[PDB]
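Shown next, in structure tokens, is the structure this report addresses.
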Ligand SMILES: Cc1cc2c(cc1C)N1[C@H](O)C[C@H](c3c(F)c(F)c(F)c(F)c3F)[C@]13C(=O)NC(=O)N=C3N2C[C@H](O)[C@H](O)[C@H](O)COP(=O)(O)OP(=O)(O)OC[C@H]1O[C@@H](n2cnc3c(N)ncnc32)[C@H](O)[C@@H]1O
């Protein structure tokens, strides 16, 4: 599966054209299948070549000279394919040598708002497409939601930090380009309760098993019984979970009842049995006496005998059918069903798994769309998740190489007319001096959090379409902060990549719930998800770092946890250039909104385009998702202006 592998790594089916490829190649799709059979191969072969060496640019003639007979003969077809793959970022993207110099004459002027991974991606494309591009960044750096703390030998990511499986992941290519040092995450994750004592492997799995069961349940109700709407309002994942758990609690009490009923019943049957026994116990005194009292005694005590014995053939007899009761009685009162669904402690551990989810989605479960929260699930990449051992910032930096980025430039208004665009921005360091950049098209990679901001951070003239603003408002933009604790000593298990901390209450189940051991230097990361994420931003670094040490000193014991010589704390929600961590499908929305976002705004011809982790439906809230959305718009614009 050589050429079959390339197709896969590019999120493409090696044995069939996609709806898009069919749109650009109608002649092929609607023609001899033998031809379509050829198209694919060339496509899969071109990709193969590019992936087997993403360091250097794969030119048209470079591809045409590496194909074999008879493919290399159909030059025209090869070109159409090669060109296509290049125009849509499937080849020659990221950072690579340009064996063919860029045209001295840049055709088309486009302004890109934001120097994030999505912005830098599209930027390098449009530029390589021989087009004058300019990026306006508000921050004094690049990467946007990709930040990395670097001081001495210390390295830590305050933003992105994980690479979700290399299989099919575009970052796999970029990684190979920027020499990004990655490392798998050892699944071994020990949980420590409030006091500080670990959780026995038994429960750790007992609870986690239920966690999966409850989720599966919610999935059932949602995608099988269609329980996505209640009281005319959308149902949230958390909402559903609370209900499912509310049922398990019921069932538990139900069995507890039937059991108490069996008990009471057996007890009733006993008290009753003992009663007549005492009546027969008395019926014996009537015969064990009165005897030896009739000259025909030879037949008197003779008959009476089988009468007193017959009554004993009952008493000690009932003891038999009475024995089969003490057994059942003691047997039941010794095998009582689960007193409760989850103990006060069981719930605490389960909250860790929910908090762990509130971390993944970067928002409280009660705000997630029970039906669409996991809409992009069918697009995950195969392979183990990785961590950027050397700071995830090494990527956006390499991408900004050779680009015209103007840091310290906050865009405050975007003007798009039937012909031409104007992007008015101001210098952050000196809000007095403003700037006015003219262009043909504008690419807005602004975070959903900024677009939602009220009052608006940037002004759109004419005002953004109604179908757009509404989508922006319906979508959800989560939050998630970290606390980088820099030490000069590793007092924790060096083998364990991450360990968790269980909270005391459901409310604060996301407060420093997970610690990370990823970087070389003695550094740990504390995550604050869910409710805590936003709240914790109102607490000074001092107190925050304080609470952390406490947690640590409770796990590793005090006197073993030294004072951090360097500490970093994020507040993406407070960050004026972010206003949150990343998007998420909120109850009352869907992946459909992730397309309305991508939809360009047009007055007779598309002028304003959008990109970002909130515009790519199948790969939302991710570095690669943002990357792909970048390459996406890159081509979209290229067609609109270069054709
Ligand atoms: C916020 C955040 C986001 C992420 C994150 C952590 C945080 C705190 N890390 C976490 O480690 C776990 C997720 C994680 C996960 F999410 C998952 F889904 C998952 F499955 C996991 F397993 C994870 F581990 C993860 C990760 O580990 N792995 C991931 O793949 N993604 C992660 N994310 C999300 C990504 O950071 C995010 O998708 C990406 O950064 C998006 O990039 P972008 O689209 O270019 O957006 P941008 O903000 O970078 O760029 C906008 C630019 O515009 C500028 N700007 C602003 N305002 C103005 C003006 N007014 N004028 C001019 N300019 C301007 C801004 O300043 C920028 O320069």
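Residue numbers (the deposited numbering): 172 to 464, 473 to 782, 792 to 831. All C-beta atoms, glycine included, are put in the ideal place defined by N, C-alpha and C.
For residue 594, the first and last residue of its enclosing beta strand (DSSP E)
588-595
Per-residue DSSP class, three states only, for residue 696
coil
Roughly how many angstroms separate the alpha carbons of residue 485 and residue 514, rounded to a whole number?
44 angstroms
Looking at the secondary structure, which residues open and close the alpha helix (DSSP H) in which residue 648 lies?
645-653
Name, in chain order, the residues that DSSP records as bridge partners for residue 663.
704 and 747
Over what stretch of residues does the alpha helix (DSSP H) that includes residue 449 continue unbroken?
408-456
Counted within 10 angstroms of its Cβ, other Cβ atoms place residue 611 as buried (16 or more) or exposed:
exposed
Boundaries (first-last residue) of the alpha helix (DSSP H) holding residue 375:
372-394
Assign residue 626 to one of two classes, buried (16 or more other C-beta atoms within 10 Å of its C-beta) or exposed (fewer than that).
buried
Less than 8 angstroms separating the Cβ of residue 224 from some heavy atom of ligand 1?
no
Tell me the DSSP secondary structure of residue 772 in three-state form.
helix
Identify every residue that forms a DSSP beta bridge with residue 304.
281
Environment of residue 608 [buried if 16+ CB atoms lie within 10 Å]
exposed
When every heavy atom of ligand 1 is checked, does at least one fall within less than 8 angstroms of the C-beta of residue 335?
yes
Answer yes or no: do residue 408 and residue 531 have a C-beta to C-beta separation smaller than 9 angstroms?
no
For the pair the region 337-347 and the region 799-815, tell me if three or more CB-CB distances fall below 8 angstroms.
yes
Please classify residue 476 as buried or exposed, where buried requires at least 16 other C-beta atoms within 10 Å of its C-beta.
exposed
For residue 328, verify whether its CB is less than 8 angstroms away from any heavy atom of ligand 1.
yes
Note down the Cα distance separating residue 372 from residue 528, rounded to an integer number of angstroms.
12 angstroms
Determine which residues share a DSSP beta bridge with residue 765 and list them.
547
Go ahead and label residue 686 buried or exposed: buried means 16 or more other beta carbons lie within 10 angstroms of its beta carbon, across all protein chains shown.
exposed
Shortest alpha-carbon distance to residue 397 belongs to which of 174, 584, 588 and 550?
550
May I ask you to check if the CB of residue 341 is nearer than 8 angstroms to at least one heavy atom of ligand 1?
no
Tell me which same chain residues have a C-beta within less than 6 angstroms of the C-beta of residue 314, skipping the five on either side of it?
572 and 575
From 190, 206, 706 and 217, pick the residue whose C-alpha is nearest to that of residue 176; which is it?
217
Is any heavy atom in ligand 1 found nearer than 8 angstroms to the beta carbon of residue 761?
yes
Neighbour-count burial assignment, residue 500, 16 or more Cβ in a 10 Å radius
exposed
Residues bridged to residue 321 [DSSP beta-bridge criterion]:
326
Can you say whether residue 189 is buried or exposed, counting buried as having 16 or more other CB atoms within 10 angstroms of its CB?
exposed
Just curious, the alpha helix (DSSP H) that residue 757 is in, first and last residue?
Segment: none, residue 757 is in no alpha helix (DSSP H) and carries neither H nor E.
With DSSP collapsed to three states, give me the class of residue 637.
coil
Relative to ligand 1, is the shortest distance from any of its heavy atoms to the C-beta of residue 660 smaller than 8 angstroms?
yes
Check for me: the alpha helix (DSSP H) holding residue 477 runs from which residue to which?
476-487
Residue 174 - partner residues in DSSP beta bridges:
Residue 174 is not bridged to any residue.
For a test of the three-state rule: what should DSSP assign to residue 558, helix, strand or coil?
helix
Nearest to residue 494 by alpha carbon, out of 522, 332, 196 and 450?
450
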